[PDB]
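# Understanding the architecture of this molecule
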Amino acid sequence: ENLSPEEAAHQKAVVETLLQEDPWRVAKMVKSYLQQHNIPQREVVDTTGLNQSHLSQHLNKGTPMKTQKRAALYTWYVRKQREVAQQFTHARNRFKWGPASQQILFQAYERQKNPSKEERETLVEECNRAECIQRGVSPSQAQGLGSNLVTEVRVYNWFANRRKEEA
Amino acid sequence: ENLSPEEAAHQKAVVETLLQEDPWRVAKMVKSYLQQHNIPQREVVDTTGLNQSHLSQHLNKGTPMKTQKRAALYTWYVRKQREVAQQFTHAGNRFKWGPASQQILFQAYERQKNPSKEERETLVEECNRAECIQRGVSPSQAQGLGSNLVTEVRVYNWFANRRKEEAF
DNA sequence: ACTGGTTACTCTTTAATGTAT
DNA sequence: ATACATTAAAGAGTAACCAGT
Ligand SMILES: [Cl-]
Ligand SMILES: [Cl-]
């Protein structure tokens, strides 16, 4: 179930049509995927071997890149799309706070700046379920959120740093 | 050149007096000084051996720093001020554009996006004059600017990069 | 001199960490 | 638990470089 002969040709067909498209339209399409799943650009740079500064300038600004290096970018894009779907159905990077959970954390901080462990774990289920809805997946699949899984320790680390922000 | 033994004792009292003052006030004095001379934060990290994220957060945001680390940075503040004096009295890193030179270059780009070489040297002398006035030194002394000295090559590279930014 | 593709370097930001009340 | 004190890690931004009409 890991791979199929036809879908492997479909992956090669997708990267073929993606190279034929406007590289900016694909850049916006890829940047929106990295933001929805909070996958760090370091994973892209470490896997494909591209330049961090070059890849960042291409996604956020549209800096033109040659088709040979762009092909390795689209190759990782199509493969990462399958790995994400499988890892969520079957259920190294640094944690990243999603924008959907940040709104819930700012609500709780405006209410009270020192929640109890029960209130922390309650916000964990709220933020995890929120991160799943953002990624378009079901809540029980939150175990597939991976490195971006909201934990009680991480919620406590967020509230502790936000108290330090008032100075 | 060598600091008089009496002069060195003054530096120590300056560090202790700066340690007695509020750390956020001394942080703003050092940060504004770095912005006036375009001194890279990497150079302060290399000398004082401090953490770049710690020093950046203690200067820009004013994060709590220990008295020992603040004293090591305050020791660099006083030695660099004097070293800048001899750096410029002798006149008789990487380049970093200044705010006044960036505003003048914004004027020329609005008038001519492709200036001639004659227009480049005239802008070089104007920017070097404005950068000298920023730190309160005479326009004649520019060797002390060193890495932050304006050059026609840097002006042409500034307009070429602005052309790439204008394309998007 | 020139656009165009590319990048070493810089510095802010972030989530995480260690510890003595 | 938790405010000081701290930071390894990510990433956008800057000024610059190399090639080839
Ligand atoms: Cl994910
Ligand atoms: Cl200087």
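For this coordinate set, the PDB header names X-ray crystallography as the determination method and states a resolution of 3.20 Å.

## Side note on the protein's contact with DNA strand C
The local shell around DNA strand C holds 32 residues, among which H54 and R94 of chain A together with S56, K96 and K164 of chain B are the closest. Counting only the atoms of DNA strand C that lie within 4 Å of the protein, the sugar and phosphate share comes to 64%. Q57 of chain A is positioned with one of its side-chain polar atoms (N or O) 3.1 Å from a base oxygen of DNA strand C. Contact between DNA strand C and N161 of chain A: a base nitrogen at 3.2 Å from a side-chain N or O atom of the residue. Counting only elements with at least two residues in the surface near DNA strand C, the list comes to α4 (52–60) and α8 (152–165) of chain A together with α3 (41–48), α4 (52–60), α7 (117–134) and α8 (152–167) of chain B. It is α4 of chain B that contributes the most residues to the surface near DNA strand C, 5 residues altogether. Class assignment for the residues of the surface near DNA strand C results in 6 nonpolar, 13 polar and 13 charged.

## Remarks on the protein's contact with DNA strand D
Taken together, 29 residues are adjacent to DNA strand D, and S56 and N60 of chain A together with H54, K69 and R94 of chain B come closest. Among atoms of DNA strand D positioned within 4 Å of the protein, sugar and phosphate together represent 58%. A distance of 3.0 Å is found between a base oxygen of DNA strand D and a side-chain nitrogen or oxygen belonging to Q57 of chain A. Contributions of two or more residues to the surface near DNA strand D are made by α3 (41–48), α4 and α8 of chain A together with α4 and α8 of chain B. Each residue belonging to the surface near DNA strand D can be placed in one class, and the counts come to 6 nonpolar, 13 polar and 10 charged.

## Let's talk about the environment of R92 of chain A
Residue and element names in this part refer to chain A. Here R92 lies in the loop between α5 (67–89) and α6 (99–111). It is 9.7 Å that separates the C-alpha atoms of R92 and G146, two residues lying 54 residues apart in sequence. Setting aside its immediate chain neighbours within four residues, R92 contacts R42 and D46.

## A look at the domain arrangement of chain A
Residues and elements named next belong to chain A. When cut into domains, chain A gives domain 1 (5–89) and domain 2 (99–165). Between the C-alpha centres of domain 1 and domain 2 the distance comes to 28 Å. Here domain 1 and domain 2 share an interface that buries about 700 Å² over both sides, 49% of which is from carbon and sulfur atoms. Three residues stand out in domain 1 for area buried against domain 2, namely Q36, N38 and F88, and they jointly supply 73% of the buried area on that side. In this structure, the connection of domain 1 to domain 2 is made through 0 salt bridges. At the surface where domain 1 touches domain 2, the tally comes to 4 residue pairs in polar contact. Those elements giving two or more residues to the side of domain 1 that touches domain 2 turn out to be α2 (23–37) and α5. The residue inventory of the side of domain 1 that touches domain 2, partitioned by class, reads 2 nonpolar, 5 polar and no charged.

Conventions we followed
Residues numbered from 1 in each chain as written, not as in the entry; some residues may be left out. Chains lettered and ligands numbered in written order. Heavy atoms only, no water. Near = heavy atom within 4 Å. Polar contact = N/O pair within 3.5 Å; in protein donor to acceptor, adjacent residues only side chain to side chain. Helix = DSSP H or I, 4+ residues; strand = E, 2+ residues; numbered from the N terminus. Nonpolar A, V, L, I, M, F, W, Y, C, P; charged D, E, K, R; others polar. Contact = heavy atoms within 4.5 Å. Domains from an automatic or database assignment. Buried area = accessible area lost by both parts, 1.4 Å probe. Salt bridge = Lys/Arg side-chain N within 4 Å of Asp/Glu carboxyl O.

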